[PDB]
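Please read the structure below before turning to the comments.
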Amino acid sequence: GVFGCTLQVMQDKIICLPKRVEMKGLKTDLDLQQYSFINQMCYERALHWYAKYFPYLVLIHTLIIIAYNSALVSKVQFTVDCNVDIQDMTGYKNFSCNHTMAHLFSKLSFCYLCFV
Amino acid sequence: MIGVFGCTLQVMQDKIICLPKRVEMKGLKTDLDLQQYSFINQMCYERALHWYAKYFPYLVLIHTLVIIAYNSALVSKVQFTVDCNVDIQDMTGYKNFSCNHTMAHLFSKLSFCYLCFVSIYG
Amino acid sequence: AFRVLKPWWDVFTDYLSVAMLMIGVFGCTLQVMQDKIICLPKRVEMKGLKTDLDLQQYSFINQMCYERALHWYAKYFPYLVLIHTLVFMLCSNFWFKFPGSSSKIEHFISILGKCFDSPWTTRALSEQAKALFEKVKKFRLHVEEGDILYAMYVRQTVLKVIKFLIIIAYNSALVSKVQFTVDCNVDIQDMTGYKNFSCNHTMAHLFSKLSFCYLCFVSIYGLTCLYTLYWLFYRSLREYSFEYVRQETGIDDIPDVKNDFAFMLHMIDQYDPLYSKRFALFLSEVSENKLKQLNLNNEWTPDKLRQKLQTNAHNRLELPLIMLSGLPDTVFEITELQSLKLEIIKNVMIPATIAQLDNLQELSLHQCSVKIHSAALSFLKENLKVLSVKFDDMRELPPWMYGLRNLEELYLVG
Amino acid sequence: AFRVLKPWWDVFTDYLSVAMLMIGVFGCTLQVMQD
């Protein structure tokens, strides 16, 4: 769980965009900041707390597992959606997001389950 | 060790993001540069955020060098999101702002583990 | 060298100074890292309020209103803390960094180390320390003229007190001066197009709180000084008289020491009274006499005295002595000797161990000062038959020889 | 050998020299970093 924690603190950053709207560009005319805000919002809300705590959970347990870890590995995925009411804050409601480390833990989690 | 860790990231990433609150769907372009936004970060960080929250990395450090009565009721004080009606009108064109910071949920979970550590010690 | 010289209040002050340095270095580190003012032009449903200024003018305004508006004390506070901490360190360590007194301090620490390390201290309270008694006496005659070390320490404490007073005085007023926000009217209009500005910097409130705790620390430091002030201005430490060792080992000597020695004895007592008790003996005159007797008994031994023996003029097994400073015990272990010869041997005490020399009938005395104890004197009164005595200035002549009732022949010269 | 050769003024000058050296190195650090 130590290795996942290092990636969680440093590398685990989520990127987000608003979903609801020759192919032209799709200028969303929002600057960097509320983009970071939306990153935080859909990081806290949509991202599953087990996944957020997964680097911590392995660290805590290393220092019943099969019953609930089996379902929560399939619970997490690469992409994510979230309908959080940032309307009147940025004017958008439904967002798509993805965080960089999603598939890596999915490969890492499956091998970790075999050990236990 | 917990006290230094909290102070370490507080120097690094204790940053609160802020937006002016009150205003198919489109963008909400605000036409404010990063300068005003850092200014608003400072202002609402000072005003809205609770004092114990800001000094949480320092309260832990001082107590280690030298709890349950007040910190138990102070855990519910820290919130993920937060709001501020700061009189920054005629300064940036807004009055109300919604803000929050990465450390909000981090400290709440960090406080939960620390409150256990003090309990076993006492 | 650096340990037995520190009273508890001194160690507390030293660790307070360490905390001072830590506070200061943390403050200066934060100032160098993240001390940034942020500024905006002041006097301008609600919409945006774009100011059409690129980043560079923003930095320039930051610098300008940081220098002008933000108070100089708010900026310099960590650096002030560093300078005051360093001056405190210097004024604390100057007591030992001045070589003139440092040499005396070094010799003092060394002699007490050798003294409480000496087993003969315990032996006298219940060999080579004899050679250390002269070091003790030379140092004690050396530093009775001083007391300037005490005055220098007092002046150091006074300087600490005065600087404390000034620091607390001005900081009490200047804590309120710092503020989170600030307004500046800088005549930068028509060069950047604005004159009124609102600014605030990250450090401000933090420093306030930091300042507060810092002040508290300084305050307790001052209390330490206050303690020493009582310790300086009520005990009258210019004179030291044991009156305890004199009562516990029954030694009427070691009456007093001068102001410098009084003070250093006091400091040792504050550190460890047991070390003062251990060091007390190397000054006793009677203990010095006992150590002289001990070394004398050790180095003159019974085989040596048996070899020295012979027959005198009056056909008696005699142990002639020509150079001595006392009476060896092994001399009294050879009971078969019948006579004794002494030349230039002063400070002589005859113990009742001469009564061990039961077959004693002649004695030869030549220019020696001899005092007998009452039991030994009675033994000689009931045992002497012949005597030889020589006196130059009537001093070596003993009066007690006028008490021996059984003397037959007395030989005198001079 | 290395101590008894330093009168009081010599030691005080040495301390002043050390203080000046740290002042100078601090100034150079500030110039390279923030100036």
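Ideal geometry is used to build each Cβ from the backbone, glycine not excepted, and the neighbour counts take in all protein chains shown. Laboratory data are not the source of any read-out in this text; all were calculated from the coordinates shown.
Below is a table of values for the structure above.
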item	result
Qualifying residue in the range B:95-106 (condition: within 12 Å of chain C (Cβ to nearest Cβ), surrounded by fewer than 19 Cβ atoms within 10 Å (Cβ to Cβ) and either out of contact with any strand residue (DSSP E or B) (no Cβ under 8 Å at 6 or more places or on another chain) or not in a helix (DSSP H, G or I) (or both))	yes
Test: residue in the range A:44-57 that is part of a helix (DSSP H, G or I), within 11 Å of chain B (Cβ to nearest Cβ) and closer than 26 Å to B:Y37 by Cα	yes
Whichever residue in the range B:25-40 is aliphatic (A, V, I, L, M) and over 23 Å from the mean Cα position of the chain (by Cα) and, among such residues, is nearest to the other protein chains (Cβ to nearest Cβ)	B:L28
Residues of the range A:50-66 classified as within 30 Å of A:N83 (Cα to Cα) and exposed (fewer than 11 other Cβ atoms within 10 Å of the Cβ), total	0
The range B:15-38: number of residues that are assigned to a loop (DSSP other than H, G, I, E, B) and within 28 Å of C:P41 (Cβ to Cβ)	11
Candidate set: the range B:12-24, residues that are of a type in the set (V, I, T) and at the interface with another protein chain (Cβ under 7 Å from one of its Cβ atoms); chosen: the one nearest to B:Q89 (Cα to Cα)	B:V23
Tally of residues being loosely packed, with under 10 Cβ neighbours inside 10 Å and either part of a loop (DSSP other than H, G, I, E, B) or of a type in the set (K, R) (or both) across the range C:393-414	4
Filtered residues of the range C:169-195 (kept if part of a strand (DSSP E or B) and either more than 19 Å from C:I37 (Cβ to Cβ) or among the β-branched types (V, I, T) (or both))	C:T181, C:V182
Qualifying positions in the range B:78-94 - farther than 22 Å from C:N200 by Cβ, out of contact with any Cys (no Cβ under 9 Å at 6 or more places or on another chain) and either β-branched (V, I, T) or loosely packed, with under 13 Cβ neighbours inside 10 Å (or both)	B:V78
Selection status of B:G3, within 19 Å of A:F37 (Cβ to Cβ) and of a type in the set (G, A, S)	no
Residue identified as in a helix (DSSP H, G or I), over 18 Å from C:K160 (Cα atoms) and not charged (D, E, K, R) among C:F2, C:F77, C:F12	C:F77
Residues (touching a strand residue (DSSP E or B) at 6+ places or on another chain (Cβ under 6 Å), of a type outside the set (S, T, Y) and within 14 Å of chain B (Cβ to nearest Cβ)) located in the range A:82-92	A:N83, A:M89
Flag for C:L296 being under 30 Å from C:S388 (Cβ atoms), of a type in the set (A, V, I, L, M) and not in a helix (DSSP H, G or I)	no
Any hit, the range C:113-121, residues being in a helix (DSSP H, G or I) and within 11 Å of another protein chain (Cβ to nearest Cβ)	no
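Yes or no, residue by residue, for (1) of a type in the set (A, V, I, L, M); (2) within 30 Å of C:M323 (Cα to Cα):
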{"position": "C:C225", "(1), (2)": "no, no"}
{"position": "C:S236", "(1), (2)": "no, no"}
{"position": "C:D256", "(1), (2)": "no, no"}
{"position": "C:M267", "(1), (2)": "yes, no"}
{"position": "C:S284", "(1), (2)": "no, yes"}
{"position": "C:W300", "(1), (2)": "no, yes"}
